[PDB]
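Participant: My sequence and its experimental structure, below.
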Amino acid sequence: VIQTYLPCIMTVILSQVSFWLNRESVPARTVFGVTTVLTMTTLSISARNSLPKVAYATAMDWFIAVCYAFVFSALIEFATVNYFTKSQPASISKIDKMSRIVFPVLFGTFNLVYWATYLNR
Amino acid sequence: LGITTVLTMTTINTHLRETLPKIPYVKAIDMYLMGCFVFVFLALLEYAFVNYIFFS
């Protein structure tokens, strides 16, 4: 919990805080996304040291992969808003307003399903 | 973005190949990793070329 799961959850939340920075702050949003993706990459690399070379994904691999998906989707959200703010100038800010709540909600439901699964398994 | 991706590629090269003996010839993942490195390096070089085409 303290070695892998809290680092992953903190990284996933650390990606989503960038949604409160203004859309025009390109370098800041970019560095949030990149650094959190690197955090997830190194977490994935280190987690493999705890086991032999098993040839199938474990539960912690599922959790790490889903958190990685949330991180990379957070980066993709900034990429999309940065594209549309230039290409079709705006209402594009509703992308930020939606993601800013949707990502936390979806990650929360992911946890409510995952832990509800493996504590009863 | 590009420099950080280059950094990550150079980082993972060692963290992967450290599990293999120090043979001189290339493996499958050596070809794959250098191919991906070429793509990442070109992704970085593209913006420098974009600056050179712009400021000229």
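Facilitator: Looks like it came in fine. Numbering: from 1, shown residues only, chains lettered A, B, ... in the order given.
Participant: Get me the contact residues on chain A for chain B.
Facilitator: A:30, A:34, A:35, A:38, A:41, A:45 (C-beta under 8 Å from any C-beta of the partner chain). C-betas here are computed from N, CA, C, even on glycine.
Participant: Mind giving me the ChimeraX command for buried ones among the residues you listed?
Facilitator: To isolate the buried ones among the residues of chain A next to chain B in ChimeraX, judged by 16 or more other C-beta atoms under 10 Å in any protein chain shown, type:
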select /A:30,34,35,38
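Participant: And the residues of chain A next to chain B, which is closest to residue B:18?
Facilitator: When the residues of chain A next to chain B are ranked by distance to residue B:18 (C-beta to C-beta), residue A:45 comes first, at 11.6 Å.
Participant: neighbours around the nearest residue to that closest one once chain neighbours are set aside, how many?
Facilitator: Using C-beta to C-beta, 6 or more residues apart in numbering or on different chains and skipping the chain neighbours, the partner closest in space to residue A:45 is residue B:15 (6.0 Å). Around residue B:15 there are 12 other residues, counting by other C-beta atoms under 10 Å in any protein chain shown.
Participant: Give me the contacts around stretch A:69-81.
Facilitator: For stretch A:69-81, the surrounding residues in contact (C-beta atoms under 8 Å, 6 or more residues apart in numbering or on different chains) are A:11-12, A:15-16, A:18-19, A:23, A:29-30, A:32-34, A:36-37, A:39-40, A:92, A:95-96, A:99, A:103, A:106-107, A:110.
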